Every structure is written in structure tokens, then in C-alpha cells.
Amino acid sequence: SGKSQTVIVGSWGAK
Amino acid sequence: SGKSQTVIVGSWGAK
Amino acid sequence: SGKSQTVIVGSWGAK
Amino acid sequence: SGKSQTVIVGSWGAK
Amino acid sequence: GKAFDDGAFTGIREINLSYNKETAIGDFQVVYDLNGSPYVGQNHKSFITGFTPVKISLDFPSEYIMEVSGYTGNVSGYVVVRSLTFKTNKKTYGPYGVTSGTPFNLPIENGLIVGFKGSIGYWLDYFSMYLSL
Amino acid sequence: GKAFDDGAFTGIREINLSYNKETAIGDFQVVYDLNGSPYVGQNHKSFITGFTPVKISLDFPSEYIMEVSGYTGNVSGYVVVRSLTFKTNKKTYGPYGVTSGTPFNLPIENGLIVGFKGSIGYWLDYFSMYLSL
Amino acid sequence: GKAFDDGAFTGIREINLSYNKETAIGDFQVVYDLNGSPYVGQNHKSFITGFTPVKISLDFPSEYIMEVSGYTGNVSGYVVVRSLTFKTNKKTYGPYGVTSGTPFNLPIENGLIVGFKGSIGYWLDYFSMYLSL
Amino acid sequence: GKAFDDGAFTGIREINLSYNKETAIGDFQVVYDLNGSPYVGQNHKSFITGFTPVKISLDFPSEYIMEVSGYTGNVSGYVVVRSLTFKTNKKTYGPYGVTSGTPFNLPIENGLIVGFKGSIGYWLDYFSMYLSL
Ligand SMILES: CO[C@H]1O[C@H](CO)[C@H](O)[C@H](O)[C@H]1O
Ligand SMILES: CO[C@H]1O[C@H](CO)[C@H](O)[C@H](O)[C@H]1O
Ligand SMILES: CO[C@H]1O[C@H](CO)[C@H](O)[C@H](O)[C@H]1O
Ligand SMILES: CO[C@H]1O[C@H](CO)[C@H](O)[C@H](O)[C@H]1O
């Protein structure tokens with residue numbers, strides 16, 4: 001908590 | 001207004 | 001996880 | 001569009 | 001009192017509450033919008049009776065609630081929600097219950113009331129609202 | 001094909017799709033979570049038959065989908081979604097359909113697939129997913 | 001007075017306001033968290049002087065605001081914010097200003113205060129807050 | 001390579017990347033919109049040189065990214081991002097880099113790309129995007 005969160009998508013490239 | 005929304009992503013396949 | 005969340009605000013009245 | 005939006009609550013004080 | 005929590009839906013179509021002009025709000029129920037289809041929430045009843053019913057039907061997509069007001073007060077020892085008034089973009093569904101005690105008000109500048117939660121014994125003890133964009 | 005749009009819910013409990021190893025995905029339905037209670041979405045059927053059914057039951061709260069993969073290809077002139085594979089935190093519900101054509105993949109780093117939408121004629125023409133936190 | 005709008009950030013690290021024990025809230029200025037690094041906002045000053053400053057340093061990651069309360073009232077023909085108080089998960093930054101007029105309180109059950117907007121002339125005329133998950 | 005994380009902002013105003021026509025994407029740096037005012041991000045440089053820079057100035061409020069496509073592949077034992085392309089509601093900022101390997105595309109039907117994170121060594125190893133409403 002304390003920090004805001006957002007939907008983050010992916011990780012395209014090196015596994 | 002009146003209706004909630006959400007991030008909808010894509011459209012994969014036919015256009 | 002698995003369950004979506006939303007900003008729920010308040011609690012007005014008794015504690 | 002182009003700018004991000006967030007729930008903004010209130011306006012407490014002068015009408 | 002008994003705790004309830006309807007959750008989050010797409011919007012609000014109608015609100016059916018109950019009150020008493022000397023005590024506070026009692027019964028509470030709401031029919032939501034679930035992706036363009038009505039969805040009748042569970043009826044959260046008071047432990048007792050003798051209330052006056054009120055039906056608040058909004059013009060669903062067009063009419064939406066912009067501010068919720070009310071009063072929290074003390075009745076029979078218990079601090080409860082004595083009054084409640086709903087202000088939508090088209091009309092104000094006047095104060096129900098007792099406008100006496102400590103006021104509270106939530107004006108929404110950007111967002112929608114998308115669900116409710118709370119507790120009900122003889123009267124509404126407290127409530128909370130889910131907010132979404 | 002016929003357009004559908006289930007909307008947004010709280011989570012996903014089960015997914016029931018259909019496929020054919022030479023053509024592409026056909027039937028599509030999903031039972032969602034609606035505030036802790038199952039909610040059976042509408043069944044979006046193919047115009048034709050002869051598909052093989054698959055039921056994907058997730059361990060609701062604990063198991064959630066983290067990445068959706070598939071293939072878009074051309075069958076009978078129409079560009080459709082030929083393959084689809086779902087990777088959850090516990091297991092991979094292996095590729096269904098034809099792994100041939102142009103690949104697509106959506107790994108989710110933070111968020112939940114909370115609903116689906118699309119179109120179905122003889123096969124799934126296209127789809128989209130609602131994403132929430 | 002002059003309207004201001006800080007906008008939306010990642011969180012709050014420090015609040016710096018001013019007050020007068022016989023009038024209302026004066027200066028307002030907050031330093032936010034912008035993705036890990038602090039970001040000091042524009043200093044919104046009053047049209048006048050003679051205010052007692054307050055610096056509210058939160059333990060950023062761990063300590064965040066849970067409720068914002070205050071009072072609005074008319075002081076010299078101007079309805080302004082007379083008192084403001086911030087309660088966090090660790091401490092209460094006691095009532096600053098005059099605790100007279102009509103009350104208001106915004107408790108957050110799930111969400112974070114992420115930005116401020118409002119207006120200031122001689123005193124803080126009004127204000128609204130941005131909420132987020 | 002060295003990992004980076006720009007975080008979340010209000011929108012994007014300009015993208016500045018670099019490429020080599022025979023290897024992959026090199027440098028990456030974006031200037032965001034932070035509540036009306038631009039905010040230039042940290043310049044994430046490659047470990048090497050000899051790249052052809054690209055400056056993508058969007059018409060901020062009106063023009064925003066609708067889809068991000070590219071290719072990932074192995075170049076000299078390192079699976080990296082070889083090509084990247086941004087299509088907006090007004091123009092397509094054509095394929096930059098080598099268009100070889102396996103494809104990927106992220107079309108946004110409702111939402112905005114609001115931030116970037118990933119990693120860069122000799123080339124862009126990987127990357128993810130923050131989405132918002
Ligand atoms: C009269 O008693 C009942 O109602 C009050 C006020 O509503 C409280 O809910 C209490 O828990 C409940 O037992
Ligand atoms: C064979 O025709 C049908 O299916 C294709 C592929 O699914 C398209 O949906 C088309 O609209 C529909 O009429
Ligand atoms: C005495 O007036 C000045 O301060 C008041 C209260 O702060 C109002 O902001 C008003 O607009 C401004 O001109
Ligand atoms: C040749 O290696 C350097 O660049 C590659 C590809 O960019 C990787 O980032 C690797 O970690 C870094 O040490």
C-alpha cells in the first residue's frame with residue numbers, strides 16, 4: 001500500500 | 001454517462 | 001488474487 | 001481522449 | 001446488526017430504501033445494472049417493522065447519482081445513519097429520515113457510485129459505496 | 001458472424017470453448033464470478049457443428065489466467081482466430097485449434113482478464129478482453 | 001480566489017498547509033510521489049499573510065492517509081474551509097484551523113488519495129481529491 | 001542489460017527511439033504528459049553505438065497511440081526486440097528496426113498507454129506497458 005497501482009501488460013522479448 | 005467503463009484491449013482476428 | 005477490486009470509500013455511521 | 005482520467009471526489013467548501 | 005455487501009456492478013437502476021421520520025433509515029435494497037441488464041440485489045431488511053417505503057427509479061443511462069448526503073445520529077444508544085438524500089443530474093430524491101445529528105456528504109466530481117455495502121440491525125448502522133469510472 | 005459482448009465481471013471461473021484441429025475455434029462461453037457468486041454467461045455458438053468441446057475450470061480465487069496466446073489465420077477466405085491457449089498460475093490449458101498463421105500473445109503483468117467480447121460466424125472471427133485491477 | 005489543480009500522482013509524501021486560529025485554512029502545498037521519486041507541487045499561497053504553517057511528513061510507503069475531515073463555514077461573507085485534518089494508518093494530524101461550521105469527512109476503505117485541486121483566495125475556498133487504486 | 005521503469009503518467013507526447021537496420025532496437029526515451037505539463041523521462045541508452053534515432057511527436061491531446069506492434073527474435077544469442085511500430089488515431093509510425101522473428105501486437109480498444117518499463121543492453125531486451133483509463 002501507499003503506492004498507486006495500474007494494469008501493466010506484457011513483457012515482450014527476453015523471457 | 002451512468003455506465004461504468006474498463007480498459008478493454010485488443011480485437012484479435014478479423015477486422 | 002483472482003478477484004477484481006475497486007475503490008470503495010467511506011463507512012458512514014457506526015464504527 | 002489522450003489524457004488519463006481518475007475519480008475525483010467532492011468540491012467541499014464554496015458551492 | 002447484520003452485515004451485507006452487494007459488491008460492484010456496472011451502474012444503478014433503482015434504489016428501494018425505508019425510513020421512519022422519528023428514528024432513522026431501516027430497509028435497504030438496490031437493483032443494479034449488470035452490463036445493460038437489470039440485476040436485483042438482495043433485500044437487506046431491518047430486524048423490526050413500521051417503516052415507510054420509497055422507490056427511487058433512475059432513468060438508468062441518462063440519470064445517474066452525483067451526490068449522496070445524510071445524517072449519522074444516535075438512537076437508542078446506537079449511532080446509525082438517520083437521514084439519506086440522493087441528488088442525481090435530473091432530480092433530488094429528498095431527505096428521508098431524520099435530518100438531525102452529524103451531516104455527511106459525498107459529491108462526486110468524476111466517477112460513478114457502482115455498488116453499496118454496510119450493516120442493518122433495527123436501523124442502518126453504516127454503509128460504504130464502491131466508486132468506479 | 002454474430003457479435004457478442006459479455007461485459008465486465010469480477011473474475012473468471014470456467015471457460016467452455018470448442019475447436020477443430022484443421023480449421024479453428026468455434027463455440028465460446030464463459031461462466032464468470034459475480035461478487036463471489038457464479039454467473040453463467042450466454043453461449044455463443046458457431047453457425048455450424050462438428051467441433052470438440054473443452055472445459056476449462058479454474059480454481060477460482062487461487063487460479064487466475066496470466067497470459068492468453070493464440071493464432072489468427074485464414075480459413076475459407078475469412079481471417080479468424082485459429083488457436084487459443086490459456087496460461088494460468090497453476091497450469092497451461094494447452095493449445096486448442098490450429099497453431100498456424102500469425103501468433104498473438106498477451107502476458108499480463110498486473111491486472112485480471114475480467115470479461116470477453118467478439119464475434120462468431122462459422123468460427124471465432126475476433127475477440128477482445130476487458131482488463132481490470 | 002485563484003483555482004489550482006495539482007492532478008494525479010503515485011502517492012503523497014508530505015503536506016504543507018497553513019492556518020489562522022480565528023479564520024480558516026490559508027496556504028496549501030503538497031509534495032507527491034511520482035513513481036518512486038518525490039515531486040513537489042506548486043505552492044498555492046493565500047492573498048494575505050499571518051498564518052501558522054504545518055508540515056506533515058508521512059512515512060511514505062508505509063504511512064498513507066485513511067480519512068480527511070474538516071469544516072466549511074462562512075468567514076466574513078465567504079464560505080471557505082475553516083479546518084482540515086488528516087488521519088493516517090499510523091497517526092492523526094490533529095484539527096488545524098477553526099473547528100466551526102458544517103462538517104464533512106471522507107474515509108477511504110480501499111483506495112488512495114492521489115491528487116488535490118481546489119481554490120484559494122484569502123482562505124481555501126474549496127477543494128476536491130483524486131482517488132485511485 | 002540494465003532494467004528501467006518509467007512508471008505511470010497522464011499520457012505521452014513524444015517518443016524517441018533508435019534502431020539499426022540489421023540488428024534490433026537500441027535507445028529508448030519518452031516524454032510524457034504529467035497533468036498538462038510535459039515530463040521528459042530518463043534516457044535509456046544502449047551499451048553500444050551506431051543506431052539511427054527516431055523522434056515521434058504526437059499531437060498530444062488529440063493524437064494518442066492505438067496499437068503497438070513489433071517483433072522479438074534472437075540476434076547473436078540474445079532474444080531482443082528487433083522492430084517496434086506505433087499506430088495512432090492519426091498516423092502510423094512505420095516499422096523501425098528489423099521485421100524478423102516472432103510477432104506481437106497490442107491493440108487498445110478502450111484505454112491509454114500511460115507508461116513504459118523494460119530493459120536495454122546492446123538492444124532492447126524486453127518491455128511492458130502500463131495501461132489506464
Ligand atoms: C436494537 O439492536 C440492533 O440495531 C442496532 C441499530 O441498528 C444495532 O444494529 C445492533 O447491533 C442491533 O442488535
Ligand atoms: C462462413 O461464413 C461465416 O463465418 C465466417 C468465419 O467465421 C465469418 O464470420 C462470416 O461472417 C460468416 O458469415
Ligand atoms: C476576500 O476575497 C478573497 O478571498 C475570498 C475568501 O478566500 C475569496 O477567494 C474571493 O474570491 C477573493 O477575492
Ligand atoms: C551482449 O550483451 C549485452 O546486450 C544483450 C542484448 O542487448 C543483453 O542485454 C545482455 O544482458 C548485455 O550484457
Side-chain angles (χ1 to χ4, degrees), chain A residues 13-15, chain B residues 13-15, chain C residues 13-15, chain E residues 1-4 18-20 23-28 44-49 51 72-82 97-98 101 118-127, chain F residues 1-4 18-20 23-28 44-49 51 72-82 97-98 101 118-127, chain H residues 1-4 18-20 23-28 44-51 72-82 97 118-127:
Chain A
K15 153 78 218 239
Chain B
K15 212 193 75 136
Chain C
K15 212 193 75 136
Chain E
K2 209 206 172 318
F4 78 96
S18 192
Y19 66 114
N20 191 297
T23 57
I25 279 90
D27 304 297
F28 194 81
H44 309 297
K45 304 129 143 197
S46 164
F47 288 175
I48 66 164
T49 57
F51 290 111
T72 54
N74 194 291
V75 26
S76 191
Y78 311 92
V79 39
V80 301
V81 178
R82 302 199 80 189
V98 187
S119 157
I120 301 184
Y122 273 21
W123 306 294
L124 183 72
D125 303 301
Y126 60 74
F127 73 126
Chain F
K2 209 206 172 318
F4 78 96
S18 192
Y19 66 114
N20 191 297
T23 57
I25 279 90
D27 304 297
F28 194 81
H44 309 297
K45 304 129 143 197
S46 164
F47 288 175
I48 66 164
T49 57
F51 290 111
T72 54
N74 194 291
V75 26
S76 191
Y78 311 92
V79 39
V80 301
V81 178
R82 302 199 80 189
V98 187
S119 157
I120 301 184
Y122 273 21
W123 306 294
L124 183 72
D125 303 301
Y126 60 74
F127 73 126
Chain H
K2 207 189 199 307
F4 69 98
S18 217
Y19 66 95
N20 185 309
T23 47
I25 292 288
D27 305 283
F28 195 82
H44 307 292
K45 297 185 185 296
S46 173
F47 287 169
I48 66 196
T49 20
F51 288 108
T72 50
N74 181 180
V75 351
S76 190
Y78 289 108
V79 36
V80 310
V81 169
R82 313 202 63 194
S119 178
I120 309 190
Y122 273 10
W123 308 292
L124 178 49
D125 302 312
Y126 58 79
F127 80 111

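Residue numbers begin at 1 in each chain, while the letters A, B, ... track the order of the sequences. Read the numbers this way: they start at 1 and go in the same order the structure lists the ligands and their atoms.
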Exercise. Any idea which of F/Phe47, F/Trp123, F/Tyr122, F/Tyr78 brings a heavy atom closest to atom 10 (C) of ligand 2?
Worked result: F/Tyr78
Problem set entry | Protein heavy atom at shortest distance from atom 9 (O) of ligand 1 |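 Ranking protein heavy atoms by distance from atom 9 (O) of ligand 1, first comes E/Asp125 OD1, 2.8 Å.
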Spell out, as yes or no, whether a donor-acceptor pair under 3.5 Å connects the side chain of [X] to the backbone of [Y].
X       : Y       : value
E/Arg82 : E/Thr23 : yes
H/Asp27 : H/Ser46 : yes
H/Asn74 : H/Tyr78 : yes

Problem set entry | Element-labelled atoms of ligand 2 that are located less than 4.0 Å from some non-hydrogen atom of F/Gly121 |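 In order of number, 4 (O), 7 (O), 9 (O).
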Problem set entry | Subset of ligand 2 atoms that lie under 4.0 Å from at least one heavy atom of F/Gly1 |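 Reading through ligand 2 atom by atom, the close ones are 9 (O), 10 (C), 11 (O).
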Problem set entry | Point-to-point distance, once rounded to the nearest 0.5 Å, from CG of F/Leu124 to OG1 of F/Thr72 |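 Output value for this atom pair is 11.0 Å.
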Problem set entry | Side chain, backbone, both or neither: F/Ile120 near ligand 2, heavy atoms under 4.0 Å |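 The answer is neither.
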Problem set entry | Contact partition for E/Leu124 relative to ligand 1, non-hydrogen atoms under 4.0 Å |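 None of E/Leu124 does.
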Exercise. What heavy-atom pair brings H/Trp123 and H/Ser76 nearest, and what distance separates the two atoms?
Worked result: CH2-CB, 4.4 Å
